[PDB]
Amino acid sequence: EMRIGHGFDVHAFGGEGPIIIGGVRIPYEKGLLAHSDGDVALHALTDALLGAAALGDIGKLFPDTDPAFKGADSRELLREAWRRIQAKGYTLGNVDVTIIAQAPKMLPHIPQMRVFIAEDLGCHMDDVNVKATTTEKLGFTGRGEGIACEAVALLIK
């Protein structure tokens, strides 16, 4: 059996940098407003993984209303989601993540992001892709109001 999933997330800028994306602290004039650590990339990825396993989404598994997850390490959440996916008999095919942001520059950090995500999913780095694109000053990402991220995931068996 092969199964696909798709995730999508958005956080607004606010407060002071740095931002955490893909598990990586990236310097920036602004921070990301969030109940958790604000990791848009890892939230979208988790949604894509949960989606492929028909387990719902981060909001189902870890509510924005529970004080246990305030300030939470989004990597913990990723690892918890992954344990529950594996408990259902799933194994990783591949993941592909798309960070949508006018700034900061993401490319320097992508290698460490992939290190983190490969480790969290107990897979090879070769099964994890991350990329970035701007929207050329258009939309809320273009105007510097926030960052969006998508992910797809392919699961096996």
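We number the residues from 1 along the sequence you see.
Can you let me know which of the two, 106-114 or 52-60, has the higher average C-alpha B-factor in the entry? Result: 52-60.
If you take the mean CA temperature factor per stretch, which one wins between 61-69 and 91-99? Higher mean C-alpha B-factor: 61-69.
Tell me, please, which of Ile26, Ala44, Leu33, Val130 has the highest C-alpha B factor according to the deposited entry? Result of the comparison over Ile26, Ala44, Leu33, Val130: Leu33.
Please place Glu145 in the lowest, middle or highest third of its chain by C-alpha B factor as given in the entry. Middle third, going by the recorded CA B-factors of the chain.
Ranked against its chain, the third holding the CA B-factor of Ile156: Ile156: CA B-factor falls in the highest third of its chain.
Third of the chain, ranked by Cα B-factor, where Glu136 sits: Tercile = middle for this residue's CA B-factor.
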